[PDB]
Ligand SMILES: *[C@@H]1O[C@H](CO)[C@@H](O)[C@H](O)[C@H]1NC(C)=O
Ligand SMILES: *[C@@H]1O[C@H](CO)[C@@H](O)[C@H](O)[C@H]1NC(C)=O
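Residue numbers (mature numbering (1 follows the signal peptide of the UniProt record, and there is no 0)): 1 to 195.
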């Protein structure tokens with residue numbers, strides 16, 4: 001389930017997803033859709049200056065680091081009752097999960113988290129808590145920021161680990177990957193940033 005977290009229940013820390021924006025949008029809109037962080041923190045997480053306007057563009061298909069508060073429940077780490085998603089006229093949990101949130105969650109996880117779904121029957125304008133995966137676990141005794149990462153096509157665990165200043169075996173043990181060569185596009189990795 002989601003990302004694992006083994007520290008005391010109620011533990012709060014800072015995590016992130018590397019978000020792939022389905023459409024052209026702006027930092028201001030992301031701040032709004034997510035509501036998990038303030039604008040200046042979003043800008044800093046993506047290495048942009050103080051004077052940057054909220055209208056700063058994010059191109060379709062490009063990535064944005066989105067920070068949020070993680071809460072651990074004893075088993076798992078989830079974004080802490082945020083972000084909130086309002087169901088649309090022709091939305092389905094699976095389409096929301098996959099087409100809005102990069103499949104960082106499954107429709108089952110969206111189901112369990114909002115208690116009301118036991119099957120997928122939902123109403124428009126209803127608010128859903130989206131439990132983005134996270135953790136506050138340390139990495140071999142050190143403090144890390146956990147980043148949810150969706151594997152790109154043609155990527156390997158070596159280059160992914162290196163890009164995040166992490167050891168490949170760390171990436172592999174943390175994500176219980178027996179065989180690196182089996183890495184799939186769109187597989188969600190828990191990357192423990194040394195930071
Ligand atoms: C960019 O995103 C649009 C959807 O908004 C999609 O139709 C197109 O395939 C994407 N292009 C690339 C280069 O991924
Ligand atoms: C991993 O990906 C990078 C970048 O495309 C490539 O240069 C590197 O050689 C790859 N390693 C393997 C094992 O494929």
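Where a beta carbon is used, it is the ideal one built from N, C-alpha and C, also for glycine.
Between residue 36 and residue 54, how many whole angstroms is the CB-CB distance? I'm expecting something under 8 Å.
Here residue 36 is taken as the residue at index 36 of the chain shown, counted from 1. Here residue 54 is taken as the residue at index 54 of the chain shown, counted from 1. That pair is no contact at about 16 Å.
How about residue 131 and residue 105: do their beta carbons lie closer than 7 Å?
The sequence position of residue 131 within the chain shown is 131, counting from 1. The sequence position of residue 105 within the chain shown is 105, counting from 1. Against a cut-off of 7 Å, the Cβ pair of residue 105 and residue 131 comes out as a contact.
Within the continuous beta strand (DSSP E) that includes residue 121, where are the two ends?
By one-based count along the chain shown, residue 121 stands at place 121. Counting along the chain, no beta strand (DSSP E) covers residue 121, and no H or E run does either.
Put residue 106 into one of helix, strand or coil per three-state DSSP.
Numbered from 1 along the chain shown, position 106 holds the residue referred to as residue 106. Three-state DSSP puts residue 106 in coil, outside helix and strand.
For a test of your reading of the model: does the CB of residue 61 fall under 6 Å from any non-hydrogen atom of ligand 1? Yes or no.
Taking the first residue of the chain shown as 1, we reach residue 61 at position 61. Short note on residue 61: C-beta closer than 6 Å to some heavy atom of ligand 1.
Pick helix, strand or coil for residue 182, following the three-state DSSP scheme.
Position 182 of the chain shown, counted from the start, is the residue given in the question as residue 182. In the three-state DSSP reduction, residue 182 falls in the helix class (H, G or I).
Check: residue 23 C-beta below 6 Å from any heavy atom of ligand 1
Residue numbering aside, residue 23 sits at position 23 when the chain shown is read from its first letter. True, at least one ligand heavy atom lies under 6 Å from that Cβ.
Could you check what DSSP says for residue 163 in three-state terms: helix, strand or coil?
Within the chain shown, the letter at position 163 stands for residue 163. In the structure shown, residue 163 sits in a helix (DSSP, three-state: H, G or I).
Tell me the DSSP bridge mates of residue 77?
On the chain shown, position 77 is the one that residue 77 refers to. Among the bridge pairs identified by DSSP, residue 77 is matched with 3 and 134.
Tell me which residues share the same chain as residue 30 and place their Cβ nearer than 8 Å to its Cβ, disregarding the 5 neighbours each side in the sequence.
In the chain shown, the residue the question calls residue 30 occupies position 30. Taken in chain order, the residues that qualify are 19, 21, 42, 58, 64 and 66.
Contact test: residue 156 Cβ vs ligand 2 heavy atom, cutoff 6 Å:
Walking along the chain shown from the start, residue 156 turns up at place 156. For ligand 2, at least one heavy atom lies less than 6 Å from the Cβ of residue 156.
Apply the 10 Å Cβ neighbour rule to residue 71 and answer buried if 16 or more other Cβ atoms are within range, or exposed otherwise.
For the purposes of this step, residue 71 is taken as the residue at position 71 of the chain shown. Residue 71 is classed as buried because its beta carbon has at least 16 other beta carbons within 10 Å across all chains shown.
As a quick exercise: from 62, 16 and 129, pick the residue whose alpha carbon is nearest that of residue 84.
In the chain shown, counting from the first residue as 1, residue 84 sits at position 84. Its Cα nearest to that of residue 84, the residue 129 stands out among 62, 16 and 129.
How is residue 191 classed by DSSP in three states: helix, strand or coil?
Indexing the chain shown from 1 puts residue 191 at position 191. Judged by DSSP in its simplified three-state form, residue 191 adopts strand.
Answer yes or no: the CB of residue 161 versus the heavy atoms of ligand 2, is any distance below 6 Å?
As a working note, residue 161 is residue 161 in the chain shown. Incorrect: residue 161 has no Cβ contact closer than 6 Å to ligand 2.
With DSSP as the reference, label residue 40 as helix, strand or coil.
Against the chain shown, residue 40 aligns to sequence position 40. Residue 40 sits in a helix when the DSSP states are folded into three classes.
Please classify residue 158: does DSSP put it in a helix, a strand, or coil?
For the purposes of this step, residue 158 is identified with residue 158 of the chain shown, where counting begins at 1. In this structure, residue 158 counts as helix in the three-state DSSP scheme.
So residue 12 is in the beta strand (DSSP E); what residue range does that whole segment cover?
Taking the chain shown and counting its residues from 1, the one referred to as residue 12 is at position 12. That run of the beta strand (DSSP E) goes 12 to 20.
Outcome for residue 78 when other beta-carbon atoms lying within 10 angstroms are tallied against a minimum of 16
On the chain shown, residue 78 is found 78 positions in, with the first residue counted as 1. Residue 78 comes out buried.
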